[PDB]
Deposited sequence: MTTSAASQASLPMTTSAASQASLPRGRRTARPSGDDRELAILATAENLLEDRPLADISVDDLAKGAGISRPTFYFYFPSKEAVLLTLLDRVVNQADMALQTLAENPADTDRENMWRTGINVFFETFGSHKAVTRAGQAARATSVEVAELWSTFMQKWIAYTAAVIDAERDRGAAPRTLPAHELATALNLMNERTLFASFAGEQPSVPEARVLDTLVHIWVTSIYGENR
């Protein structure tokens, strides 16, 4: 019944914002009563937090899998984790980003994983400098932070079809170019 509530919420978020979905809509989709819903989750906001947590953790585990197994392709496969994972869950990505403004739990989840992904990026940049493949230009952690924030804003604008945005079919190549030139460029 937890999995049913989560699947119903992801389905309804494709059609409309969390504000326009009632606990009643989630209960009915999951084939349970309203008070039975409140047994699994305190709010529709908690449901969105759990959906975002699952997608964020899916991306994180995919990146850890890559890390355990040419330089342009190495960066492209890594950026592709985020493109495919968040791009396969557009409605949860869109709602989860909007909830950063109103939920400290969502803002803290997003902050915690962004810090992890920036640290991972900086560690790889440092390793590339240590092996003599990348030049010692900007502080690695500062470069990593701006490239991660670029991907966050650019991927999510593309997925939402914002004006302006890079078209979704061009966004992976666009980001890979800017990561490789900025990491290897003198």
### Parts of the chain sequence, as deposited, that carry no C-alpha coordinates in this structure
1 to 36, 106 to 109, 227 to 228
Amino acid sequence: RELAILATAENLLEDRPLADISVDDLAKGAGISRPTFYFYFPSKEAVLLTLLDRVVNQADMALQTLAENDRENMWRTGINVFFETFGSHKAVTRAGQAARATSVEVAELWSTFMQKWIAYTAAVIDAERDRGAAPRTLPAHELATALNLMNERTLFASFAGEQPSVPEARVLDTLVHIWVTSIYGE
From here on, numbers count along this sequence of modelled residues.
### Summary
As the entry reports it, the stretch among 136 to 144 and 32 to 40 with higher mean C-alpha B factor is 32 to 40
### Message
Using only C-alpha atoms and the B-factors in the entry, which stretch averages higher, 50 to 58 or 152 to 160?
### Response
50 to 58
### Task
Report the option among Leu18, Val166, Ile178, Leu172 whose CA atom has the maximum B-factor in the deposited record.
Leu18
## Note on the structure
The residue of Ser111, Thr102, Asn80, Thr93 with the maximal C-alpha B-factor according to the PDB record is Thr102
### Query
Considering only modelled residues of the same chain, in which third does the CA B-factor of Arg71 rank: lowest, middle or highest?
highest
### Task
Using the B-factors in the PDB entry, rank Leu63's C-alpha atom against the chain and give the third, lowest, middle or highest.
middle
## Note on the structure
By the entry's values, the third containing the CA B factor of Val124 is the middle
